[PDB]
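K.L.:
Please work out how this folds:
(chains A, B, C, D, E, F, G, H, I and J)
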Amino acid sequence: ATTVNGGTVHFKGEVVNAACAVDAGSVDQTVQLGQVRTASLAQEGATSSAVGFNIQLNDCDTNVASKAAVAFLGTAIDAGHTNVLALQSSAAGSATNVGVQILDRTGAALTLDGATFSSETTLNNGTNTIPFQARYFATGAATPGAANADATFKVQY
Amino acid sequence: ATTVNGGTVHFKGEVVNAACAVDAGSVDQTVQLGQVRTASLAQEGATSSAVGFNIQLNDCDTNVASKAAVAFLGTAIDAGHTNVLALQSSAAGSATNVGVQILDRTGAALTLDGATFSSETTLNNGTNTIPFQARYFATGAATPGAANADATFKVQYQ
Amino acid sequence: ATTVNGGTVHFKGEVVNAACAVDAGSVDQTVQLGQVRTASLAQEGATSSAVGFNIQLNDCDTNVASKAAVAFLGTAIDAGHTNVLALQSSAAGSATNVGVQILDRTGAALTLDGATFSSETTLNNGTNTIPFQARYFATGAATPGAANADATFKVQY
Amino acid sequence: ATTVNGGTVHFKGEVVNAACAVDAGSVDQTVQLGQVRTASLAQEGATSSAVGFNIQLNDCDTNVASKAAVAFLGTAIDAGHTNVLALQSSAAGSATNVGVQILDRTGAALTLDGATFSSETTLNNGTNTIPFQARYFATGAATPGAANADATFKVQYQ
Amino acid sequence: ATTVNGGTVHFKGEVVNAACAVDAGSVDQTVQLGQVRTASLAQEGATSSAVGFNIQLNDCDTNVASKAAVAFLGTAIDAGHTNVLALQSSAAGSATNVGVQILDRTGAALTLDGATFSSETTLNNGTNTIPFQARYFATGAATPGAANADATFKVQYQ
Amino acid sequence: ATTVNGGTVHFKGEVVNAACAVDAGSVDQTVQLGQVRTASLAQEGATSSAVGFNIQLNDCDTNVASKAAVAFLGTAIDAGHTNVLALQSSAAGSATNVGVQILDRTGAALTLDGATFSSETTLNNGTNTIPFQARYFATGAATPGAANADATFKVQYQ
Amino acid sequence: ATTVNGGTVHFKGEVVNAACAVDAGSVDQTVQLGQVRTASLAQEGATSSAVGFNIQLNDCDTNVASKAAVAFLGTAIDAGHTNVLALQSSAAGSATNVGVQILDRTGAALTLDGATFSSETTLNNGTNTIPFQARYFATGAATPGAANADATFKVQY
Amino acid sequence: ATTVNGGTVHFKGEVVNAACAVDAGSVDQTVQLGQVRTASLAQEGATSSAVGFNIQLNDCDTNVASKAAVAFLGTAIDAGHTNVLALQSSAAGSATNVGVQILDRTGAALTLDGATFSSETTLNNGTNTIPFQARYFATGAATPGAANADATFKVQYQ
Amino acid sequence: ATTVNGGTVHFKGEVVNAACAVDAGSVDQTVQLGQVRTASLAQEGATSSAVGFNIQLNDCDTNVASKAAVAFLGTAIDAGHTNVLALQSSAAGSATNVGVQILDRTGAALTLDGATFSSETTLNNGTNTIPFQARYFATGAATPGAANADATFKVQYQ
Amino acid sequence: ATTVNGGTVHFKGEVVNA
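P.N.:
Numbering: from 1, shown residues only, chains lettered A, B, ... in the order given. And now the structure:
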C-alpha cells in the first residue's frame, strides 16, 4: 500500500589479504588544520604548529606481522623539497609559497615517494592505533589564501 | 611484505595575513540546541533559551591589532526579521515560522548580512575566546519539525 | 582594518509539540562501557556489569503530561535475542557473538522493536532525569575486538 | 605475555610569558550555586547570596611583578545590564530574567567586556590565591528553570 | 605589564519556584561507604550497616509550606527487589547480586519509583536538614567487586 | 499520548581476552596541566612540575597474570628527544620547544614507541591503580602558547 | 503541593572477600603535613616533623586471618630513592628535591612499589587501627613550592 | 594472601623558605562563630562576641626573623566597609547586610586587601602562637541566614 | 619581608531572629559514650550508663521569650522503636541491633520526629544552659562493633 | 513562638564483648 521508490545506497571497501585491516572511519577522513598567520610563515623555511591525525588498524594478527609502517603518496612542490606536499585546492586564488607536511612517529617529515615508509610500530592484538601529525611548511614568502591538499597512504606489514 | 593500499586523507585549512588564526575546532563546529517545545515559540517575538558557542582565536599578536570583531552572514527568513537565520535542513520536515539568532557578547542579536560586525573585543597575546549565544526565534506560530541552520562568519581586526 | 573569512558554523535541533523537550546534552551523547574480559562473557546468557547513562528532560509541565516513557530502536543481533543491540562498527576487528543490552530503571531489558516503551516515570514541573543502564549480553563465546553500537530513542507522554 | 590495547589520553595546558601560572584546578572549574527561590528573586534589582570561588596562582615572582588583576569575558544578558551573564544550558529549560554577577574582592560586580580589570591584589613569592564570589542577579520577574553560565577570564600582572 | 588568558569558569545552578532551596553542597554530593565483607553479605537478603548522609534546605519559609519530603529515582536491581539501587559503575570489576538501599528517617527503604516520597518532616524558618542512610542490600550470594551507585532526588514541599 | 523522537545514543567498548579490564573512566580521560612559565622553561632540558594521573584496571585475576605494565605511544618531538611528546593543537597557536612527557612510578621518562613498557606492578584480585606523572620538558628556549598533546597506552600482562 | 528536582546523590565503596573491611573514613582521606622550612630541608637526607594518621579496619574476625599489613604504591623521585613519594600538584609552583615519605609504626620507610608490605599487626575481633607517619625527605637542596602527593594502599591478611 | 584493594591517601602541604613553618592544624583550620540574634545587630556599627582562633608557628628561629605578622585576604562586603568579610555561603538562604570582622591582639580590625599587616609579634626559638578574634559586624539591618566566610592569610617576617 | 602564603581559614555561623543565640560549643560538639559491655545490653530494653552533655544559649532575653525547648531530628531504628537513633558509623564493622537515646532534662527519651520538643524551661537573662543525657539502648542481643550516630536539633522560644 | 535550629551532636562510642 502506497509503496513508493526510495533512493540509492552505495557501498565502499576492500577485501584486504593482510594482517590488519584499516578502520572504516580512517579509510576516508578529513583533517581540519585550521588557520595560519602569514607572519609565522613569512620567513623561508618557516614551519607552523602541527595537528595530529591517527590511523586505526583493526583485527591485527600478531602471529604473522609484528612491525607496521605507512608510506604517503602525494604531489611534491619541487624535486628539492620532496617532503612537502603541494596544494590541490579546487578553486583559484590559493596560498602561495607554502605546503603541508606529514610528520613521522619520531617527528620527521615523510618522503612522498612510496618507497620510504614510516617508523616501524609494534602491532597489538585487535585494535592498534598509530599517530601522525600534519603541519604547514613555508618554502618562501607566504601569501593569504585557501590551502587544501590530498594524500594517499599504503601500509606495509 | 603484504603491502596494501589503505585510503586517503584530505587536509583542509586557510592561510590568512591577519593577526589571529581561528581555532581548528572553531572553523567548523556543530552546535546542538536539543529540542524546543512549541509552547515556548507559540507567539510571535517569543525567544527560546540560548546555547553558548565560542570562537577561539590563536596566536593573537596584540602589537599589530588591538581588538577584533566578528560578523555573521546567512539567509534570513524574511525582510521583516533580518536578524534571524532561516532553516536549511532538508526539503521536508523542517519547522515553519521559526528561526535562530546569533547573540553578540553585548547581548544584542547580530545582523545576518556579513557587513554588520559585533562589538569590539580586546585581545591578548595568546588564546582569545570570543563568546556567542544561539537561540530560537519565532516569526509566528511554530509548528513541530526539525531545525538546522548554517552561517558563515568573518573576523575583522582593528 | 584587515578582515578575513573566519569559517562556517552549523546549528542543529528539533521543535516538538510534546510536554517536554530533551536536553542538548541528551539528544546526542556517547558513553564508555569500558573493556570487558572475555572470561566474564563465557557462555550464552552471560551478563557483564552495567554502566549508567540518562536522558534529561526540560519544561515538563505536569498539566500537559504526568508520565514519560521511552522506547529504544537499534539493530538486533539475533531473531531470538530481540533485546540485544548488534555491534555497529567497522567491518573488520569487531567483537563477535556479543551485543549491548539496555536496562530500564526497573532492571529489565528493553525491547528494540520501537513499540515496547519503558516503565512510566512521573514528571515534575521542571528539569527531569530518566536513568538507564548499558550492559553486555553474550550469545555464545565472546571474542576479542571492539564494540560500538548506536541506538535511537523515542519518548512518549 | 598478553598485550591489550587500553585507550587514549589527552593533556591540556598553556605556556605563558607571565609572572604567575594559573593553577590546574582553577583553570577549569565548576562552581555550584544550588537553588534560588523566586521569592528571593522576585522584582528587578534583586540579588541572591554569593558563592565563593578563588583562582590560585602558582610560581609567582615578586621581582618581575607585584600586583595581579583579572577581567572576565562573558556574555551580557542585556544592553542595559552589562555586568550580568546570560544563562546557557539548552535551547529550552533555562530561566528568564536571571543571570550571574561575579564580584571581586571589593564586593563590586565586574563588567563582561574583557577590559575592565578587577581590583589589584598584591602577590607573594610562591603560591597566591585571589578570592572572588558569584551571585544571582535578576533583571525582572524570575521564572523557574535551570541556570548555567560560562565565562573566561584574562589575568594581567602589572 | 603583561596579560594572559587564564581559563574558563562554569556555573551550575537552578532557579525554582519552591518553598525551600537545596544547598549547593547537597545538590551534588559523594557518599563513601567503604569496604563490606562478602562473608557478611553472603546470605540472601543480608544487610550491612548504614552510612549517614543528609540534604540541607535553605531559605525555608514556613508561610509557603510547613512540611517537606524527598523521593528518589534510580535503576532498580530487580523487578522483585524494586527498592534497591543497581550498579552504575564501569562494565567490569563490579560486585553483582548486591545493591544500595536508601533509608528514610523512619528506618525504611525508599522505593525507587520516583513518586513514592519519604516521611513528612516539620519545617522551620531558616536552614533545615533532612537525614538519610545508605547501606548494602544483597539479593543473593555477594561477590567481590566495586560498588558505585547513583540516584536523583525530588523534594516535595507541602 | 504524544510520542516524539528524542535522539540517539552511542556506546564505546572493547571486549578483550586480558587479565584485567581498563576502567570506563580510564579508557578516555583528560589531564589538565594548568599553565607554566616561559622564564621557568627557558633553559634546555628544564623540567616543570609534574601533575598526576592514573590508569585504573578492573576485574583483575591473579591466577592468569600477576604483573601488569603499560607503554605509551605518541609522536616524539624529534630524534634528539624521543621520550617527549609533540603538541597536537590547531595549525597556529601552539608553543615551541615544549612537550609533554610521562613518568612511571620509578621516576623515569617513558620511551614513546609502544615497545618499551613501564615498570611492572603487582596486581590484586580487584581494582588496581597504576600511577603516572605528566610534566613539561623543554628542548630549548620556550615560547608562549598552548600545548595540547595526545597519547595512547597499551596494557601488557606478564 | 510543589515538587522540585533537587539534584544527584553519588555513592562509593567496594565489596571485598577478606577478613576485614577498610573503614569509610579511611578508604580516602586528606592529611595536612603543614609548611616546612628550606633551612630544615637544607642538606641531602634531611627530615621534617612527622605528622600522624591511621587506617581503620572494621568487622575483623581472627579465625580466618590473624595478622594484617598494608603496602603503599605511588611515584618515586629517582631510581636511587625508591621510598620517597613524589609531588603531584600542577605543571608549575611545586617544590623540588623534596618528597613525602611514609613511615610505619616501627619507623621504617615503606617502599612505594606496592609489593613490599608493612610490618605485620595482630587482628582483634572488632575495629582495628593501624598508625602511620608522614614526613618530608630531602633528596638535595630543597626549593619553595607546594607539596601534594597521592598513594594507593592495599591490604594483605 | 587474600590481598584486597584498600583505598587512597592524599598528602597536602607547602614548602617555604621563611624562618617559620605554619602548623598543619592552623593551615586549614575551621572556626565556629556560633549564633547571634538579629536584635543585637540593629544599626550600623553593631558588634558580636569575639571567639578566638590561633595560628601556630613552629621551627622558628630568632637568628633570621624577629617579627611576625599576619595579613588577611578576603572578599570585602562593601567599598566603605573594607574591613568586613562577606558571606560565601550557598546562593540562597544566607544572611544579608551582616559580615565577619577579623581582629588582632590590639583589638582593631584588619583590612582585607592583604597589603596591610597585623601587629608584629616578637618571635622566640621554637613554637609560637598568634591569637586572633572573629566577630559579626553589622553593615545595616540584620536578616536571618547562614554565614560561611572563607579568608586566606599570609605571614610576614622581619 | 619574605612574605609567604600562610594558608586559609573558614568561619561557620548563623544569624537567627530568635530570643537566644546558641554557643559554638553547643552548635558543634562531639560527645563520647565510651566502650560498653554486651552483657550489660544482653536483653532488649537494657540501657548503658548515661553521659551528660549540655547546650548553652547566649543573650537570652526574657521579654522576647520566656520558655525554651529542644526537638531532635534523626533516623529511628524501627517503626516500633521510634525514639532511638540509628547508627551511621560506616557500612561495615558497626554494632548491630543497638542505638543511642537522647533523654531530656526530666529523664524521658525524646522522639526523633522534628516536631516533638523537650520540656519547657524558664529562661534567665544572659547565658543559660540546657542539660541532656546520651545513653545506649539495645534491642534483642547487642553485638560488638563501633557505634557512631548523629542528630540535628531545633530550639523553640515562646 | 519562634522555632529556629541549632547545630548537630555527634555521638562516638563502641561496643565490646569483653
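
K.L.:
Between the two ends of stretch A:66-78, what distance do you get?
P.N.:
End-to-end span of stretch A:66-78 (CA to CA, to the nearest Å): 35 Å.

K.L.:
Which positions in that stretch come out as buried?
P.N.:
Buried residues in stretch A:66-78, counted by 16 or more other CB atoms under 10 Å in any protein chain shown: A:68-72, A:74, A:76-77. For the C-beta atoms, the positions are set from N, CA and C on the backbone; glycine is no exception.

K.L.:
can you name the two of those residues that are farthest apart?
P.N.:
A:68 and A:77 (28.3 Å; CB to CB).

K.L.:
if we can go back for a sec, which one of the buried residues of stretch A:66-78 is nearest to chain H?
P.N.:
Distance to chain H across the buried residues of stretch A:66-78 (CB to the nearest CB) is lowest for residue A:68, with 36.7 Å.

K.L.:
Remind me what the helix or strand harbouring that closest one packs against, helices and strands.
P.N.:
Per DSSP states H and E: residue A:68 is located in strand A:67-73. Helices and strands touching strand A:67-73, by 3 or more CB pairs under 8 Å, 6 or more residues apart in numbering or on different chains; DSSP states H and E, are strand A:121-122, strand A:126-137, strand A:145-156.

K.L.:
which one of those is the most hemmed in?
P.N.:
Mean neighbour count (mean count of other CB atoms under 10 Å in any protein chain shown) peaks for strand A:126-137 among the helices and strands packed on strand A:67-73, with a mean of 23.

K.L.:
do it and chain E meet?
P.N.:
No. Counting by CB under 8 Å from any CB of the partner chain, chain E has no neighbours in strand A:126-137; the shortest distance is 16.0 Å.

K.L.:
Surely residue A:111 and residue A:83 touch.
P.N.:
Yes. Counting by CB atoms under 8 Å, residue A:83 is a contact partner of residue A:111 at 5.5 Å.

K.L.:
More neighbours: those two, which one.
P.N.:
When neighbours are counted by other CB atoms under 10 Å in any protein chain shown, residue A:83 comes out ahead of the other of residue A:111 and residue A:83, with 19 against 16.

K.L.:
How much space separates that one from residue A:139?
P.N.:
11 Å (CB to CB, to the nearest Å).

K.L.:
again, but for residue A:156
P.N.:
From residue A:156 across to residue A:139, the span is 29 Å (CB to CB).

K.L.:
now residue A:72
P.N.:
Distance from residue A:72 to residue A:139, by CB to CB: 18 Å.

K.L.:
so how far is the strand holding residue A:68 off the chain centroid?
P.N.:
From the chain centre to the centre of strand A:67-73 is a distance of 11 Å (CA atoms, centre = their mean, to the nearest Å).

K.L.:
Show me the contact partners of it.
P.N.:
A:19-20, A:55, A:57, A:102, A:110, A:112-123, A:128, A:130, A:132, A:151-157, B:6 (CB atoms under 8 Å, 6 or more residues apart in numbering or on different chains).

K.L.:
Same check on stretch A:79-89?
P.N.:
A:74-77, A:94-95, A:98-102, A:109-113, A:137, A:139, A:146-151, B:11.

K.L.:
let's see 6 Å
P.N.:
A:74-77, A:94, A:99-101, A:109, A:111, A:137, A:139, A:146-151 (CB atoms under 6 Å, 6 or more residues apart in numbering or on different chains).

K.L.:
how about that stretch: buried residues?
P.N.:
Applying 16+ other CB under 10 Å to stretch A:79-89 flags A:81, A:83-87, A:89 as buried.

K.L.:
ok, now stretch A:17-27?
P.N.:
In stretch A:17-27, the ones that count as buried by 16+ other CB under 10 Å are A:18-24, A:26-27.

K.L.:
Sort out which of those residues are in helices and list them.
P.N.:
Among the buried residues of stretch A:17-27, DSSP state H puts A:24, A:26-27 in helices.

K.L.:
which is the next helix or strand following the host helix or strand of residue A:29?
P.N.:
Using DSSP H and E, residue A:29 maps to strand A:28-37. As assigned by DSSP H and E, the chain's next helix or strand after strand A:28-37 is strand A:51-60.

K.L.:
what angle separates that next one from strand A:145-156?
P.N.:
Angle of strand A:51-60 versus strand A:145-156, following axes from the mean of the first three to the mean of the last three CA atoms, to 10 degrees, is 30 degrees.

K.L.:
Is there proximity between strand A:51-60 and chain D?
P.N.:
No. Strand A:51-60 lies apart from chain D when judged by CB under 6 Å from any CB of the partner chain; the minimum separation is 8.6 Å.

K.L.:
what about that strand, distance to the chain center?
P.N.:
Chain-centre distance of strand A:51-60: 11 Å, with CA atoms, centre = their mean.
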